[PDB]
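Everything below concerns the one structure shown next.
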């Protein structure tokens, strides 16, 4: 349910099993859960 | 079948305190 543009990387999360999205302290996505068993961060600012 | 017994005594509806309970996760989105 998500599009965008990003730089992906493996996380350091403690992600709960009932859960799918990973928004930050101030409402931006910043981490996701792959539909085939992976939990990767989302640094969507590639560079600007 | 309405199989209903006799010793059904009503309580006093005893008041208590729910001090800090009912807290849950409002949605399925991780934050930190």
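Virtual Cβ from ideal backbone geometry, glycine too; neighbours counted across all protein chains shown. What follows is calculated from the coordinates using simple rules that are stated; it is not laboratory data.
Give me the inter-chain shielding for A:9-15: mean count of other chain Cβ atoms within 10 Å, whole number please.
1
If you build a Gaussian network model of chain A, linking Cα atoms that sit under 10 Å apart, which residue out of A:26, A:12, A:38 swings the most?
Of A:26, A:12, A:38, the Gaussian network model singles out A:26 as fluctuating most.
Would you tell me the mean number of C-beta atoms belonging to other protein chains that fall within 10 Å of each C-beta in B:25-32, as a whole number? Write out the running numbers ahead of the final one.
Values: counts 3, 0, 2, 5, 6, 15, 8, 9.
Going residue by residue through B:25-32 and averaging, the value is 6.
Using a 10 Å cut-off around each Cβ, can you sort A:8, A:2 from fewest to most neighbouring Cβ atoms? Present the calculation step by step, with values, prior to reporting the outcome.
Numbers: A:8 14, A:2 9.
Least to most surrounded, the residues fall as A:2, A:8.
Ranked from highest to lowest mean number of other Cβ atoms within 10 Å per residue, what is the order of the peptides A:14-21, A:39-46, B:2-9?
A:39-46, A:14-21, B:2-9
State, as an integer percentage, the relative contact order of chain A based on alpha-carbon contacts under 8 Å between residues 6 or more apart. Numbers along the way, then the final one.
Details: 64 pairs, mean separation 21.7, N = 48.
Worked out over chain A, it gives 45 percent.
Can you give the Rg and Dmax of chain A based on its C-alpha atoms, in angstrom?
Values for chain A (Cα only, Rg and Dmax): 10.6, 34 Å.
Using a 10 Å cut-off around each Cβ of peptide B:2-8, what is the average number of partner chain Cβ atoms that fall inside?
Mean inter-chain Cβ contacts per residue within 10 Å come to 0.
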